[PDB]
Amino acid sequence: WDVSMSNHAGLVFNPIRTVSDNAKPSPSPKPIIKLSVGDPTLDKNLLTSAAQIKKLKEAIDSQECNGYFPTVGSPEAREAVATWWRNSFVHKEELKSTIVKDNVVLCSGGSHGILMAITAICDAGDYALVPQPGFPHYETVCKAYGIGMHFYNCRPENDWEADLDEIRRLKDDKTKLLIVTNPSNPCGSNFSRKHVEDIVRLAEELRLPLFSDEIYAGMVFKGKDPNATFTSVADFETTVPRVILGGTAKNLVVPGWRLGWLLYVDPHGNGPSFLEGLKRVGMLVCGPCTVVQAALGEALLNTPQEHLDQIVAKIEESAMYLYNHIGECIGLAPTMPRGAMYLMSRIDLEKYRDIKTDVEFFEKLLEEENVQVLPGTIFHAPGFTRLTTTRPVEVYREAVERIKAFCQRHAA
């Protein structure tokens, strides 16, 4: 008997889980404080809309939403996605007619959407432009499908904006896709209208289709500036074929319902094969849970904008509290979180005597204070650490007290 795994399976790696699963249990007799899990439902402080809950129960009770829906998603669900994106993130009235239900492909959460978007257009040997720090799943898909990766930087000095010139010099004859993430995981950044327009213009110039992971669309803190807003790559006049990832996992706090979508925007028809590929690849898995698709119209169009706003407003409160108090710990210099559910902090390793790496920082902090953060190395950001900002303030107060004490202790 000589049974081995495939090479395809052999190449599948999720850095976040590897570090998590391999974390040694802490000897410290202190109730663990996890700050590394990007799940917004952990404390029951952020709830999903009542409109969504109610419709989901009615679709189940009607017994007419249990059959097979088309693999791309039901017409009704696809129209709700088109309508919500149009109304919410498309401000120029002339571009509103470019967002249509027929260019919407449903998927089984964000990870499936990513898998579909990359493998619809890239073949083994082809290259994708991926951000760093960046959400680890782009690399997970590329590695397993033998797709090359060119990492372009997002610099903390410029509020995590992308190094447009680095993208420009890296592009080559094998590069078929440009991936951007905004708002960002793990940076917690929110691109300004100018920076998004420049990314779109660069794609145009470079002749690259654009995959924009906009799953945190609209989750922008408005407390420190009520004029702050989200800029979708959909709100621009351009000849660039764009594929936008959206979903309800983050803004409606139901990530386990595995509902997300791919929105293709290409009014001048420069990449119709992209959309065709998306439909082809979706036929391997066959779409998301139909009963959840039936509730989507209601969830997006019948949920008051205030419910969405209050979720973000609670995050902001915890994000701002965390940012203010983390700075106070020897060696930790936080970047300002503008939205999403994360806070990225710089670790000044020279201010410690035993700690030499961001990974080492993670390891010792967990071991001594039973506080779990993620090492920036996982996201291709040595020297930084990722913290979640979705837990109640009371959790961070306790956690920062512990991080402080540990920081003072390892100080040089």
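The numbering used is simple: start at 1 and walk along the sequence shown.
Engineer: Quick check on the record: does 399 to 407 or 386 to 394 carry the larger mean Cα temperature factor?
Structural biologist: Per the deposited B-factors, the answer is 399 to 407.
Engineer: So, looking at the entry's B-factor column for Cα atoms, which has the higher mean, 349 to 357 or 62 to 70?
Structural biologist: Taking the mean C-alpha B-factor of 349 to 357 and of 62 to 70, the larger value falls to 349 to 357.
Engineer: Which is it among 116, 228, 300, 233: the one with the largest CA B-factor in the entry?
Structural biologist: The listed residue with the largest C-alpha B-factor is 228.
Engineer: In this PDB entry, which of 159, 204, 213, 139 has the top CA B-factor?
Structural biologist: Of the candidates given, the C-alpha B-factor peaks at 204.
Engineer: By its CA B factor, does residue 98 count among the lowest, middle or highest third of the modelled residues in the chain?
Structural biologist: As the PDB entry reports it, the C-alpha B-factor of residue 98 lands in the highest third of its chain.
Engineer: Ranking every modelled residue in this chain by its Cα temperature factor as given in the entry, which third contains residue 37?
Structural biologist: It belongs to the lowest third of the chain when residues are ordered by C-alpha B-factor.
Engineer: Among the modelled residues of this chain, does the Cα B factor of residue 286 put it in the lowest, middle or highest third?
Structural biologist: Within its chain, residue 286 is a lowest-third residue by C-alpha B-factor, going by the deposited values.
Engineer: Give the position of residue 269 by CA B-factor within its chain, expressed as the lowest, middle or highest third.
Structural biologist: Tercile = highest for this residue's CA B-factor.
Engineer: Name the third of the chain's ranked CA B-factors that contains residue 330, choosing lowest, middle or highest.
Structural biologist: Highest third.
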